[PDB]
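See structure below.
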Amino acid sequence: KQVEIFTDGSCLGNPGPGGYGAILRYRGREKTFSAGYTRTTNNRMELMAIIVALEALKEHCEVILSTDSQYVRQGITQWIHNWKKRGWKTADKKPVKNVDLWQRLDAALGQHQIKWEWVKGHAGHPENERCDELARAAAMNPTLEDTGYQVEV
């Protein structure tokens, strides 16, 4: 009840060192989250940012979630519905890519009333701009291991 969440993820390769930034605003007060991983991908950091922010919420909230990720938008608005029906597997019966993070996200999504704000550019979105700085800074000083990352074949 109202919580604003801003997120971004960033990574220098594919895979490569990467990081996330998230800002959680409540009652005019802000909390910042940020961490870097030694070997990860951009898309995984984009999911991780949202996961860590939502997991911070300790009570059911109405959340306005603001992110510029095309990957997360497609997943949330397009794919995840059918993913669940197919038991989290693509037509070739392989596990959906990043199933670990998508499932962990979906858990956090189920606990809140979420309005998604799909941002386009940094222009006029100071919080998202700042999440990118955070993400990039953490990618330059990575400390965690992204143990869920699998080298796609």
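Here, residue 1 is simply the first one shown, and the rest follow in order.
Per deposition record, X-ray crystallography, 1.9 Å.
Cβ from N, Cα, C; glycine included.
Record features (Swiss-Prot):
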type: BINDING; residues: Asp8, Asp132; note: Mg(2+) 2 binding site
type: BINDING; residues: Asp8, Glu46, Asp68; note: Mg(2+) 1 binding site
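Cα of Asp68 (Mg(2+) 1 binding site) to Cα of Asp132 (Mg(2+) 2 binding site): a span of 10 Å. Long-range neighbours of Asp8 (Mg(2+) 2 binding site) (same chain, six or more residues apart, CB within less than 8 Å of its CB): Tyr20, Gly21, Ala22, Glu46, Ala49, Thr67, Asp68, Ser69, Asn128, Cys131, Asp132, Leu134, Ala135. In this structure, the binding-site residues under consideration are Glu46, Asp68, and the one with the smallest number of other Cβ atoms within 10 Å of its Cβ is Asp68. Its Cβ taken as reference, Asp132 (Mg(2+) 2 binding site) is surrounded by 19 other Cβ atoms within 10 Å in the chains shown.
The record gives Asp8, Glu46, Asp68 for Mg(2+) 1. Within 8 Å of the mean position of their Cβ atoms, the other Cβ atoms in that chain belong to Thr7, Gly9, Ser10, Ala49, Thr67, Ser69, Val72, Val119, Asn128, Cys131, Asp132, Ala135.
Taken residue by residue with DSSP, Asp68 (Mg(2+) 1 binding site) is part of neither helix nor strand, so it is coil.
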